[PDB]
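A.B. asks: Dropping the structure in here first, questions after.
Cβ: placed from backbone, ideal geometry, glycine included. Neighbour counts: every protein chain shown. What follows is calculated from the coordinates using simple rules that are stated; it is not laboratory data.
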Ligand SMILES: *[C@@H]1O[C@H](CO)[C@@H](O[C@@H]2O[C@H](CO)[C@@H](O)[C@H](O)[C@H]2NC(C)=O)[C@H](O)[C@H]1NC(C)=O
Ligand SMILES: *[C@@H]1O[C@H](CO)[C@@H](O[C@@H]2O[C@H](CO)[C@@H](O)[C@H](O)[C@H]2NC(C)=O)[C@H](O)[C@H]1NC(C)=O
Ligand SMILES: *[C@@H]1O[C@H](CO)[C@@H](O[C@@H]2O[C@H](CO)[C@@H](O)[C@H](O)[C@H]2NC(C)=O)[C@H](O)[C@H]1NC(C)=O
Ligand SMILES: *[C@@H]1O[C@H](CO)[C@@H](O)[C@H](O)[C@H]1NC(C)=O
Ligand SMILES: *[C@@H]1O[C@H](CO)[C@@H](O)[C@H](O)[C@H]1NC(C)=O
Ligand SMILES: *[C@@H]1O[C@H](CO)[C@@H](O)[C@H](O)[C@H]1NC(C)=O
Ligand SMILES: *[C@@H]1O[C@H](CO)[C@@H](O)[C@H](O)[C@H]1NC(C)=O
Ligand code: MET
């Protein structure tokens, strides 16, 4: 639980190809600012459907 | 013993110049020395009046000895000049050779002080101001004329009258080095890199003492550690009373010098080893730093023993990021046999290991007063050996005092000594040192060792010493005078002649 | 920035937790506040939350940059941060007990200090006193003889 | 607190402007952060705006007190601030070149 944002932004760079414009330490939760993760919804249904 | 011994040791590895030296000592340094003491006391004359009484066509020795004792003293005094120039630069709390000076644009050090040690930009550019080649000689460099004048003035102020004025200076300046040397030994053996140098001194590279070069060097050094064939000891042993036990003195002197010859090698290598192990730790720390700065490891995980495994533990994790760092290479037994030469052994090694100890503005002054009062005596004897045969030649009208002749010799040698104070000055000194210390000494020694036992008769000399001291000499002296000494000499001679051709003549 | 604690302190080396990062960010904010008051005569209230830090590592290294107080899109150019640090480096060192070779700033290298020691070239007066004593010895000993004759 | 710059530094004594007050408040916040981690094992984020300062004077003296991070009515008792300072005094001295 002390690498959450490290891994979030590593994955973002490596597989999406998107870099953050300001460095974000471990006091943030950038994924939790999404409607689906803050309201407890499964997200894989948008992949398989496509 | 401090300025030519360790260099002539390191060039020949370091272990192959202690067995031949001692064999040649016990076989040639003692018997010839006893012989020349005994003659000096029997014939009752100086270094020239003797070889002019034995078959008078042999007066040449009285001139070869004088000429060679002049050629040696020509530069054995400018060495004292450099030493006292160093001695003057002490008496300041930050030692001048401990930092690099900045250029006109105060951003970094001067070039050659950065690419080399900070102490080499005090000996090669501020003291001497060496030029690139021997064929290139420039100004006169006044700030060494000052030291030359001071050296040739101290000498003339001490030997104004031969004996009756070297007495007191011998009382003082022949006991001082034997306590400062012990003070430096006690400090040397407790350093960090001791027992790593003095063990390097005694490991003989067996396939090295089978070369004529090392034998020739030991042979030419055992006659220069003493002062045989200089014509100085004949005259000194031509003053005391007749019924004096000429043997005892000879033997004790022979065993008080050959002992202080391995007692100075120990102290010098106890500092060379320290400097080498210091540079080795510095290289290793630099490698460790270049690794961690490159891979971001914690501080105390790469230490001197798990280094190789930790270096293997990174190359298997970042193969493209690893093959860019320029690593060094450094192993001991390769930092010991480095570029160390005379005129640069007691000024480049001892002066950088003297600034890494507390209260250095005291250790430096002690060391250089030791060197000065160790080198002054020798010049006392040499000046006696050049002054005695001159007035025994009727060259000056006998009505003039002795002070005038000593002063004339001093002035003449000083005025000739302008050749070493030029820019390209260290090269002339290296050349004269090498050749005038190597070749004429052993030929004069052999010629006299032959003349005494085969032109004066050995039996006459035998019963002569018998009447003098009170007993025929033991069989040892007989066998070492009659066959072994001249035979060894011939060998050394031929080796010198076989070590001159087929060896290129190069200087640095 | 690259920090080396075991080299300088050797022992007594404190541990670099997060409160040290707090103190470091505050020191940099102070240095910036000082520079924009003694050069440009502004009065800007940098805080420790205007000093952004990235890529922390065990070796004790990282990167940082500075932004204007409440404007995330206003980065102070690097050639000004370098001057502010050049100006307050000696206090930033003291706050941590580091000594300018264990707190390197990687592109800011130190130079301050003049090498003008010698006023007199002290070897000259030592040569003078030795020359005086040697000449006085020479004359007294050449006059001893003429007195004894 | 009472500070005497001309005594210690004598010369080279910097001038005590407002940025020094900023640095002082940050040092006290650091000391408090250290004490509530190596004694009480909390993790409290004191900032320099939690260190309140009163009665500034030329002699370079003043009073201060500390409050919990976002609670203006929560004053740390004085007998704890005294211990936190006893613990980090040697670093607070060094940040200013003063000598106790
Ligand atoms: C021990 O002495 C031998 C000489 O007998 C050294 O061998 C020489 O090494 C040099 C290296 O620069 C070569 O150029 C020579 O050709 C070698 N000569 C012979 C006859 O082998 C040997 O290097 C010495 N030991 C060490 C460790 O250096
Ligand atoms: C935050 O900083 C940015 C620049 O770092 C400021 O943007 C400037 O805004 C003015 C007017 O909006 C423009 O004329 C400039 O071109 C902008 N700068 C750049 C680099 O584009 C912005 O004004 C700042 N925020 C505030 C509130 O002043
Ligand atoms: C701010 O601090 C005050 C005390 O300094 C806290 O007040 C306490 O509140 C609890 C519950 O409301 C009471 O049981 C205590 O008696 C209060 N303390 C005192 C001294 O009266 C207050 O809770 C703090 N603020 C927050 C948001 O927690
Ligand atoms: C130092 O600065 C001066 C003037 O700025 C310049 O002339 C000189 O070349 C500089 N030094 C070097 C080594 O370039
Ligand atoms: C050293 O020698 C050079 C000649 O290469 C000369 O130009 C220079 O002036 C000398 N040093 C000093 C201090 O005079
Ligand atoms: C150094 O760090 C590595 C990885 O953190 C660790 O495995 C190793 O044990 C450390 N060194 C020591 C002496 O423990
Ligand atoms: C590092 O590992 C590669 C194999 O991936 C190997 O080829 C290379 O020689 C290694 N380098 C060292 C210095 O061992
Ligand atoms: C004039 S002799 C030069 C030095 C002395 N003979 C020695 O061997 O140390």
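A.B. asks: Name, by its number, the condition in (1) more than 41 Å from the chain's Cα centre (by Cα); (2) closer than 30 Å to residue B:200 by Cα that does not hold for residue B:337.
C.D. replies: Residue B:337 satisfies every listed condition except (1).
A.B. asks: Here is a follow-up. Away from ligand 3 (no atom under 16 Å from the Cβ) and more than 14 Å from chain C (Cβ to nearest Cβ), is that true of residue B:107? Quick ask: steps written out before the conclusion?
C.D. replies: Details: away from ligand 3 (no atom under 16 Å from the Cβ): yes; more than 14 Å from chain C (Cβ to nearest Cβ): no.
Against the criterion (away from ligand 3 (no atom under 16 Å from the Cβ) and more than 14 Å from chain C (Cβ to nearest Cβ)), residue B:107 does not qualify.
A.B. asks: Check the stretch B:93-101 and report whether any residue there is surrounded by 21 or more Cβ atoms within 10 Å (Cβ to Cβ) and either within 16 Å of ligand 4 (Cβ to nearest atom) or more than 14 Å from chain C (Cβ to nearest Cβ) (or both).
C.D. replies: No, the stretch B:93-101 contains no residue that is surrounded by 21 or more Cβ atoms within 10 Å (Cβ to Cβ) and either within 16 Å of ligand 4 (Cβ to nearest atom) or more than 14 Å from chain C (Cβ to nearest Cβ) (or both).
A.B. asks: Would you say residue D:83 is away from chain C (no Cβ under 14 Å) and either assigned to a loop (DSSP other than H, G, I, E, B) or in contact with a strand residue (DSSP E or B) (Cβ under 6 Å, 6 or more places away or on another chain) (or both)?
C.D. replies: Details: away from chain C (no Cβ under 14 Å): yes; either assigned to a loop (DSSP other than H, G, I, E, B) or in contact with a strand residue (DSSP E or B) (Cβ under 6 Å, 6 or more places away or on another chain) (or both): no.
Answer is no for this residue.
A.B. asks: Under the condition of being closer than 12 Å to residue B:420 by Cβ and part of a helix (DSSP H, G or I), which residue from the stretch B:124-146 is nearest to ligand 4 (Cβ to nearest atom)?
C.D. replies: B:144
A.B. asks: Name the residues in the stretch B:84-108 that are part of a loop (DSSP other than H, G, I, E, B), within 25 Å of the chain's Cα centre (by Cα) and within 16 Å of ligand 5 (Cβ to nearest atom), would you?
C.D. replies: The answer is B:89, and nothing else.
A.B. asks: Just to be sure, is residue B:113 in a helix (DSSP H, G or I), within 12 Å of chain C (Cβ to nearest Cβ), away from ligand 8 (no atom under 16 Å from the Cβ) and touching a helix residue (DSSP H, G or I) at 6+ places or on another chain (Cβ under 7 Å)?
C.D. replies: Values: in a helix (DSSP H, G or I): yes; within 12 Å of chain C (Cβ to nearest Cβ): yes; away from ligand 8 (no atom under 16 Å from the Cβ): yes; touching a helix residue (DSSP H, G or I) at 6+ places or on another chain (Cβ under 7 Å): yes.
It is true that residue B:113 is in a helix (DSSP H, G or I), within 12 Å of chain C (Cβ to nearest Cβ), away from ligand 8 (no atom under 16 Å from the Cβ) and touching a helix residue (DSSP H, G or I) at 6+ places or on another chain (Cβ under 7 Å).
A.B. asks: Out of all the residues in the stretch C:97-129, which are under 14 Å from the mean Cα position of the chain (by Cα), without any contact (Cβ under 8 Å) to a residue 12 or more places away in the chain and under 25 Å from residue D:9 (Cα atoms)?
C.D. replies: Scanning the stretch C:97-129 gives C:100, C:111, C:112, C:113, C:114.
Conditions tested, residue by residue: (1) under 27 Å from residue C:10 (Cβ atoms); (2) out of contact with any strand residue (DSSP E or B) (no Cβ under 9 Å at 6 or more places or on another chain); (3) part of a helix (DSSP H, G or I).
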| residue | (1), (2), (3) |
| --- | --- |
| C:21 | yes, no, yes |
| C:25 | yes, no, yes |
| C:65 | no, no, no |
| C:79 | no, yes, yes |
| C:91 | yes, yes, yes |
| C:120 | no, yes, no |
| C:124 | no, yes, yes |
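A.B. asks: Hey, another quick one. Here are C:26, C:90: which of them is more than 16 Å from ligand 1 (Cβ to nearest atom) and more than 20 Å from residue A:26 (Cβ to Cβ)?
C.D. replies: Values: C:26 fails: more than 20 Å from residue A:26 (Cβ to Cβ).
It is C:90.
A.B. asks: Of all residues in the stretch B:150-175, count the ones that are assigned to a helix (DSSP H, G or I), more than 10 Å from every other protein chain (Cβ to nearest Cβ) and either surrounded by fewer than 17 Cβ atoms within 10 Å (Cβ to Cβ) or free of Cβ contacts under 8 Å to residues at least 24 places away in the same chain (or both).
C.D. replies: Going through the stretch B:150-175 one residue at a time, the tally reaches 5.
A.B. asks: Please give the helices (runs of 4 or more DSSP H) falling wholly within chain A in which 2 or more residues are away from every other protein chain (no Cβ under 14 Å) and surrounded by fewer than 10 Cβ atoms within 10 Å (Cβ to Cβ). First the steps, then the outcome.
C.D. replies: Details: elements: A:4-11, A:35-38, A:45-49.
Those helices (runs of 4 or more DSSP H) span A:45-49.
A.B. asks: Give me the residue from the stretch B:116-127 that is under 12 Å from residue B:86 (Cβ atoms) and away from chain C (no Cβ under 14 Å) and, out of that set, farthest from ligand 3 (Cβ to nearest atom).
C.D. replies: Of the residues in the stretch B:116-127, the ones under 12 Å from residue B:86 (Cβ atoms) are B:119, B:122-123, B:126-127.
Still in the running and away from chain C (no Cβ under 14 Å): B:119, B:123.
Numbers: B:119: 67, B:123: 74 Å.
Looking at residues that are under 12 Å from residue B:86 (Cβ atoms) and away from chain C (no Cβ under 14 Å), I get B:123.
A.B. asks: Further question: Does residue B:265 meet the test of being within 16 Å of ligand 6 (Cβ to nearest atom) and either under 21 Å from the mean Cα position of the chain (by Cα) or over 28 Å from residue C:102 (Cβ atoms) (or both)? Write out each step before concluding.
C.D. replies: Details: within 16 Å of ligand 6 (Cβ to nearest atom): no; either under 21 Å from the mean Cα position of the chain (by Cα) or over 28 Å from residue C:102 (Cβ atoms) (or both): yes.
Taking the combined requirement at face value, the residue does not satisfy it.
A.B. asks: Only one residue in B:12, B:55 is away from ligand 4 (no atom under 16 Å from the Cβ), touching a residue at least 40 places away in the same chain (Cβ under 8 Å), surrounded by 20 or more Cβ atoms within 10 Å (Cβ to Cβ) and away from chain C (no Cβ under 14 Å), so which one is that?
C.D. replies: Working: B:55 fails: surrounded by 20 or more Cβ atoms within 10 Å (Cβ to Cβ).
From the options B:12, B:55, the qualifying one is B:12.
A.B. asks: Out of everything in the stretch C:1-12 that is assigned to a loop (DSSP other than H, G, I, E, B) and within 20 Å of the chain's Cα centre (by Cα), what residue ends up being nearest to the other protein chains (Cβ to nearest Cβ)? Please lay out each step first, then the result.
C.D. replies: Taking the stretch C:1-12 and keeping what is assigned to a loop (DSSP other than H, G, I, E, B), we get C:1, C:4, C:9-12.
From what's left, within 20 Å of the chain's Cα centre (by Cα): C:1, C:4, C:9-10.
Numbers: C:1: 13, C:4: 7, C:9: 11, C:10: 11 Å.
Step by step, filter the stretch C:1-12, then rank; the result is C:4.
A.B. asks: How many residues, within the stretch C:39-54, are without any contact (Cβ under 8 Å) to a residue 24 or more places away in the chain, surrounded by 13 or more Cβ atoms within 10 Å (Cβ to Cβ) and within 14 Å of chain D (Cβ to nearest Cβ)?
C.D. replies: Residues meeting the conditions: 3.
A.B. asks: How about the stretch B:465-490: which of its residues are in contact (Cβ under 8 Å) with a residue 60 or more places away in the chain and assigned to a helix (DSSP H, G or I)?
C.D. replies: B:465, B:468, B:469, B:477, B:480, B:481, B:484, B:485, B:488, B:489
A.B. asks: If we keep just the residues of the stretch B:125-142 that are surrounded by fewer than 17 Cβ atoms within 10 Å (Cβ to Cβ) and under 24 Å from the mean Cα position of the chain (by Cα), which is farthest from ligand 5 (Cβ to nearest atom)?
C.D. replies: Here the answer is B:134.
A.B. asks: It is to be established whether one or more residues within the stretch D:55-62 are within 14 Å of chain C (Cβ to nearest Cβ) and either without any contact (Cβ under 8 Å) to a residue 40 or more places away in the chain or part of a strand (DSSP E or B) (or both).
C.D. replies: To start, the set of residues in the stretch D:55-62 that are within 14 Å of chain C (Cβ to nearest Cβ) comprises none.
Looking for residues that are within 14 Å of chain C (Cβ to nearest Cβ) and either without any contact (Cβ under 8 Å) to a residue 40 or more places away in the chain or part of a strand (DSSP E or B) (or both), one finds none in the stretch D:55-62, hence no.
Yes/no per residue for (1) within 16 Å of ligand 1 (Cβ to nearest atom); (2) more than 14 Å from chain C (Cβ to nearest Cβ); (3) crowded, with 18+ Cβ neighbours inside 10 Å:
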{"site": "B:316", "(1), (2), (3)": "no, yes, no"}
{"site": "B:339", "(1), (2), (3)": "yes, yes, no"}
{"site": "B:347", "(1), (2), (3)": "no, yes, yes"}
{"site": "B:356", "(1), (2), (3)": "no, yes, no"}
{"site": "B:371", "(1), (2), (3)": "no, yes, yes"}
{"site": "B:379", "(1), (2), (3)": "no, yes, yes"}
{"site": "B:395", "(1), (2), (3)": "no, yes, no"}
